[PDB]
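Novice: Right, I'll just put the structure down here and ask away after.
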Amino acid sequence: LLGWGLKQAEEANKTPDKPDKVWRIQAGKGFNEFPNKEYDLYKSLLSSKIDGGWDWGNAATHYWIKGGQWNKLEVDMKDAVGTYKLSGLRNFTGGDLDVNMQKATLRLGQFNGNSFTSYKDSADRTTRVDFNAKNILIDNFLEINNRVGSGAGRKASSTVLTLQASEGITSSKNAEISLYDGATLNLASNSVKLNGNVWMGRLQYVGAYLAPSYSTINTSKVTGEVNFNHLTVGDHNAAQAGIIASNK
Amino acid sequence: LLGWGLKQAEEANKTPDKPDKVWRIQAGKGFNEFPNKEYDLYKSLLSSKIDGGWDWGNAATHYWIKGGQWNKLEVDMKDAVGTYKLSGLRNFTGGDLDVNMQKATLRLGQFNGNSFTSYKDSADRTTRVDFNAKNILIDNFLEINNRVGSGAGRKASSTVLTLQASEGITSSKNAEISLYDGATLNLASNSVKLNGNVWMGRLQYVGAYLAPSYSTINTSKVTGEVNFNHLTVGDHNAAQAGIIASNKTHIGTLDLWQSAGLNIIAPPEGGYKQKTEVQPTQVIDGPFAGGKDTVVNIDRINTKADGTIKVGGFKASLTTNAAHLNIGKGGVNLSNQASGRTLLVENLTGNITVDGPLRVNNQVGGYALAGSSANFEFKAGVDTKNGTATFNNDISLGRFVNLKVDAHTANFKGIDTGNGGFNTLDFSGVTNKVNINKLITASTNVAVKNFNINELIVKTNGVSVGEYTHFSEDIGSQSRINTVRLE
Amino acid sequence: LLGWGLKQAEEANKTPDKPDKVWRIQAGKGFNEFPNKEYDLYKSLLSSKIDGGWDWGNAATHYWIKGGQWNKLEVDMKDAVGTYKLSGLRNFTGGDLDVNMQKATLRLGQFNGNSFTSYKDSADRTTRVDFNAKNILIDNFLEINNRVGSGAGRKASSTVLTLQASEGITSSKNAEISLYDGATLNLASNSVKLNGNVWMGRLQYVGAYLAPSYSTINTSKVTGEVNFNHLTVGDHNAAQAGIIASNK
């Protein structure tokens with residue numbers, strides 16, 4: 001009912017959140033001397049301050065940071081050389097990651113996909129998940145603001161995912177990026193070339209055929225060559241996606 | 001998870017409810033002297049003690065009796081002559097109507113349909129809506145135990161609707177009776193002839209594709225001629241409907257789902273019939289044997305099939321208790337998606353007499369790919385083990401379709417598998433004889449222990465090799481072929 | 001510390017319990033005319049008034065009768081002819097079954113075993129599970145008063161299982177009857193011949209090496225030929241089993 005131009009304008013200027021317990025993790029020695037090692041990133045580094053679980057209501061899995069979904073985690077590598085992978089961080093409710101990886105290659109998929117979701121509390125929080133890699137190489141599917149399990153329990157509010165390489169964000173052939181009712185996706189590399197099914201707007205719940213279902217892929221900072229391959233807007237509803245592109 | 005035979009057995013013997021405030025209304029003078037007047041029934045009589053409203057949560061409309069949904073209303077005409085109509089009593093939650101109308105014609109639809117629903121309180125109540133007219137004449141749609149609005153608020157428990165004419169319950173052409181997860185429908189007239197889309201089992205909620213969704217149409221008392229016209233079981237779930245019929249059940253087009261059941265149960269041979277707290281005895285019945293003169297004359301079995309892809313099929317089925325499961329000239333259709341759909345035309349204590357072409361996707365050939373193994377299946381006389389499966393039509397199997405018959409004596413007239421190939425023509429369940437009249441094979445997996453095929457055509461498969469006719473089990477001694485003719 | 005002769009003497013004369021809601025089920029028509037049919041007994045008959053679940057604490061499975069473990073279920077066939085099987089009723093806490101099956105063959109195992117357990121409430125109840133078949137034919141393992149899951153949550157009190165055929169109670173080769181700290185087992189057929197590992201006394205909990213762990217197999221009514229094959233008393237504790245036999 002509002003339209004996309006009001007909803008994006010009210011998500012474009014928000015202070016992030018007010019987190020108590022800003023956890024901080026710094027990758028020390030060991031990481032910055034093996035330039036081909038193919039680490040894991042969850043189990044080798046991030047699993048210290050990210051604890052999974054089971055949500056009663058919409059019950060599939062559950063992830064947050066530490067002691068509730070209102071705690072910021074920030075990770076500061078800045079020199080860790082290698083190639084890191086997520087591979088299975090599904091239904092991450094969480095809140096305010098920050099992974100600073102200069103001169104490091106990321107990989108958002110290996111045998112399993114990823115998800116980045118929020119919950120609708122009374123505070124209406126976003127999740128502001130950041131990555132700052134050098135290549136990103138999506139390489140499996142990634143849902144942004146999905147449904148956690150099935151409908152009941154707690155509902156899902158908006159989110160923001162920011163991917164900020166400095167050499168390129170490619171993708172696989174079967175890597176379906178699929179962002180839903182509240183999700184955005186900021187890209188800031190040069191020469192984004194998503195060779196997979198980008199799916200803006202999707203049925204968040206199983207029967208909500210009258211949802212507004214906005215989305216955004218703000219590729220404004222991409223100084224190179226934006227190149228989608230198969231964009232797909234809308235699924236059994238009146239979706240109004242939008243792209244804030246970069247003049248090519 | 002329970003199955004239909006337990007759920008119907010726990011709804012068949014319940015005391016109705018415990019209502020405070022049993023309202024009573026008696027139609028007095030005025031009604032019983034105008035035999036053609038075409039009254040209304042809600043606004044002229046029933047609106048005194050039925051008050052509508054608006055429910056917050058699942059918000060469309062709302063109806064109850066008086067001061068909550070736990071109050072019985074009973075109406076006692078017994079002499080009011082005319083023709084009454086409901087015409088628009090939608091989302092009636094209510095509880096325990098009783099409309100006694102001898103020598104009166106009812107009409108459950110005029111420009112609008114009806115609905116009879118309950119709510120899921122902590123007491124788990126039914127609604128036991130009754131009518132006792134002389135003709136009923138449904139004439140527009142009627143939902144039993146529907147969804148009230150959309151999902152939220154209060155959910156819907158079971159219900160019972162009883163229609164008890166004494167001259168006949170006909171229906172329109174566009175009168176879609178559609179009963180859902182908890183609903184039943186008792187009929188007690190003579191010569192029910194529902195000429196509309198009876199829809200047992202339906203998506204009660206908008207996304208609940210994993211609901212059990214039982215139902216029942218207990219036409220046991222119908223002393224005349226039960227006659228459906230278009231029955232449709234299941235809708236995007238694993239519905240298990242059931243009919244407790246009255247030993248003569250002509251239906252027309254039957255449309256199962258991928259994973260839908262049906263239990264047409266004929267009657268038996270003699271016909272029907274602190275402090276501790278002793279619950280009443282719950283008599284519960286296993287699958288018995290229908291009587292001798294019990295017929296189920298289905299005349300078309302389609303199957304709707306679309307959706308996902310599972311590692312198996314889905315095995316639509318209908319299970320009968322009748323001594324004769326005739327199937328008429330429309331035969332058997334079977335829609336086939338990527339995985340292999342399956343039809344199970346079972347008969348526990350009877351025979352099967354199919355007189356129609358076994359189509360696939362509504363053509364007689366019916367090609368199917370390797371992953372899509374369209375599996376026909378028949379079970380004539382499972383529990384008594386002396387049931388024949390007579391086919392009086394020249395059947396025709398295309399490619400990757402697998403007829404199997406598990407009977408006592410599987411008579412035939414002609415099988416054509418020389419067209420497509422890869423045809424598992426199983427007969428391993430057959431007790432002794434498979435009296436096929438004519439056989440055409442290309443790449444067949446015949447498994448018969450005793451047969452009499454008095455004509456055999458064996459065709460080749462063009463230029464490909466490794467594919468051949470294969471009697472892949474013990475042929476025994478008493479076998480016989482009166483003519484072999486290779487080509 | 002009490003010894004077996006006091007503990008059996010205090011379980012031998014107890015009034016059963018005081019159950020509210022004595023559910024009653026009667027097998028009607030259909031069952032009594034197919035003498036070879038090989039029914040199932042849980043799913044075809046008993047699943048109406050026995051509902052499973054999940055117990056939090058010692059979490060494997062959970063079974064009771066209806067609305068708590070203090071409700072008696074009694075089933076009255078008395079003419080149902082066939083051959084019935086249980087096949088998988090594990091961790092039945094329940095309380096006071098009664099299955100009356102004259103002229104019917106039972107089978108307490110087909111691809112899965114059985115269990116009959118209680119809980120230690122403040123009322124100290126038993127479970128008094130009865131069967132009254134014609135042959136019984138155990139044919140897979142059966143634990144009496146086992147541990148439900150692992151230790152925590154609610155503990156297990158005593159139980160009584162009574163098997164009352166009228167033609168014989170045989171058993172398989174791999175059918176390990178194994179009754180624990182509180183369990184008994186009354187047999188009342190003629191010619192019991194248990195060809196499996198009868199295991200009186202067993203570690204109920206994972207580390208309780210100082211449990212008393214009594215048991216009893218009261219085969220007093222067996223008018224025929226009692227015949228065990230491999231009896232095994234005690235397991236890593238001071239178990240004191242006992243058999244009240246029938247002079248052969």
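Simple scheme: letters A, B, ... for chains in structure tokens order, numbers from 1 for residues in each chain, numbers from 1 for ligands in the order shown.
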So that I can check the surroundings of residue 131 of chain B, please list as a PyMOL selection string every protein, DNA and RNA residue that reaches within 12 Å of it, counting only C-alpha atoms and ignoring chain neighbours fewer than 4 positions away.
Specialist: chain B and resi 74-78+84-86+96-102+104-108+135-136+160-166+169+185-189
Novice: Return as a list in words the full set of residues in segment 47-191 of chain C whose backbone-based DSSP assignment is strand (DSSP E).
Specialist: residues 52, 53, 62, 63, 73, 74, 75, 76, 99, 100, 114, 115, 116, 129, 130, 131, 142, 143, 144, 161, 162, 163, 177, 178, 179, 186 and 187 of chain C
Novice: Write out as number ranges by chain every residue belonging to chain B that has an atom at most 6 Å from any atom of chain C, counting only C-alpha atoms.
Specialist: B: 276-279, 281-288
Novice: With distances taken over only C-alpha atoms, which residue among B:23, B:412, B:471, B:257 lies nearest residue 425 of chain B?
Specialist: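 Residue with the minimum atom-to-atom distance to residue 425 of chain B: B:471.
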Novice: Mind checking which residues fall within 8 Å of residue 181 of chain A, counting only C-alpha atoms, ignoring those fewer than 5 positions away in the same chain, and posting them as a VMD selection string?
Specialist: chain A and resid 145 158 201 to 202 204 211 to 215
Novice: Go ahead and save the residues from that selection, with C-alpha atoms, as a PDB file, in the first residue's frame.
Specialist:
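In the end it all went to out_2.pdb:
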```
ATOM      1  CA  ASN A 145      15.172 -12.683   5.192  1.00  0.00           C
ATOM      2  CA  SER A 158      13.593  -6.722   7.672  1.00  0.00           C
ATOM      3  CA  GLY A 201      10.408 -11.160  -4.054  1.00  0.00           C
ATOM      4  CA  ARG A 202       9.197 -14.591  -3.025  1.00  0.00           C
ATOM      5  CA  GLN A 204       7.752 -15.644   2.511  1.00  0.00           C
ATOM      6  CA  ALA A 211       1.804  -9.724   0.959  1.00  0.00           C
ATOM      7  CA  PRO A 212       3.419  -6.499  -0.292  1.00  0.00           C
ATOM      8  CA  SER A 213       6.891  -8.138  -0.529  1.00  0.00           C
ATOM      9  CA  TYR A 214       9.336  -5.364  -1.333  1.00  0.00           C
ATOM     10  CA  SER A 215      13.064  -5.871  -1.931  1.00  0.00           C
TER      11      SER A 215
END
```
Novice: I want to know what sits within 10 Å of residue 218 of chain A, based on only C-alpha atoms, with residues of the same chain fewer than 4 positions away left out; could you give that as number ranges by chain?
Specialist: A: 162, 184-188, 222, 242-246
Novice: Within 6 Å of segment 193-209 of chain B, counting only C-alpha atoms, which residues show up once you throw out same-chain ones fewer than 2 positions away? Write them as a list in words, please.
Specialist: residues 206 and 207 of chain A; 147, 170, 171, 172, 173, 174, 175, 176, 177, 178, 179, 180, 211, 213, 227, 228, 229, 230, 231, 232, 233, 234, 235, 237 and 239 of chain B
Novice: Write out as a ChimeraX atom specification which residues come within 8 Å of residue 192 of chain A when counting only C-alpha atoms, dropping same-chain ones fewer than 3 positions away.
Specialist: /A:168-170,187,189,222,224-228
Novice: Go through B:55, B:79, B:474, B:383 and flag the residue nearest residue 34 of chain B, using only C-alpha atoms for the distances.
Specialist: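 Counting only C-alpha atoms, the residue closest to residue 34 of chain B is B:79.
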Novice: Mind checking which residues fall within 8 Å of residue 87 of chain B, counting only C-alpha atoms, ignoring those fewer than 3 positions away in the same chain, and posting them as a tab-separated table (two decimals) with N, CA, C and O atoms, in the first residue's frame?
Specialist:
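Okay, this is what ended up in selection-v1.tsv:
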```
chain	number	residue	atom	x	y	z
B	107	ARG	N	-35.03	-26.17	1.11
B	107	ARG	CA	-34.19	-25.76	-0.02
B	107	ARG	C	-32.95	-25.11	0.56
B	107	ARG	O	-33.03	-24.01	1.09
B	108	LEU	N	-31.80	-25.75	0.42
B	108	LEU	CA	-30.60	-25.23	1.07
B	108	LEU	C	-29.83	-24.24	0.21
B	108	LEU	O	-28.63	-24.06	0.41
B	109	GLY	N	-30.49	-23.58	-0.73
B	109	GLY	CA	-29.80	-22.59	-1.51
B	109	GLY	C	-30.69	-21.81	-2.45
B	109	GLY	O	-31.51	-22.38	-3.18
B	110	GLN	N	-30.54	-20.50	-2.42
B	110	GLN	CA	-31.25	-19.61	-3.32
B	110	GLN	C	-30.41	-18.34	-3.36
B	110	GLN	O	-30.39	-17.60	-2.37
B	111	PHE	N	-29.62	-18.18	-4.43
B	111	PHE	CA	-28.73	-17.04	-4.71
B	111	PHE	C	-27.50	-17.03	-3.80
B	111	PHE	O	-26.53	-16.30	-4.07
B	112	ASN	N	-27.45	-17.88	-2.79
B	112	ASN	CA	-26.29	-17.93	-1.91
B	112	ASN	C	-26.24	-19.31	-1.26
B	112	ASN	O	-27.26	-19.99	-1.17
B	113	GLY	N	-25.05	-19.71	-0.84
B	113	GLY	CA	-24.86	-21.02	-0.26
B	113	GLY	C	-24.95	-21.01	1.25
B	113	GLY	O	-25.41	-20.05	1.87
B	114	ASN	N	-24.50	-22.11	1.85
B	114	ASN	CA	-24.59	-22.31	3.28
B	114	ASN	C	-23.26	-22.80	3.81
B	114	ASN	O	-22.40	-23.25	3.06
```
Novice: Would you mind reading off the distance between atom CA of residue 231 of chain A and atom CA of residue 161 of chain A, one decimal, in Å?
Specialist: 18.3 Å
Novice: Quick one: distance from atom CA of residue 30 of chain B to atom CA of residue 48 of chain B in Å, one decimal?
Specialist: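 For atom CA of residue 30 of chain B relative to atom CA of residue 48 of chain B, the distance reads 16.9 Å.
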Novice: Kindly give the distance, in Å, that separates atom CA of residue 120 of chain A and atom CA of residue 155 of chain A, rounded to a single decimal.
Specialist: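 According to the coordinates, atom CA of residue 120 of chain A and atom CA of residue 155 of chain A are separated by 5.4 Å.
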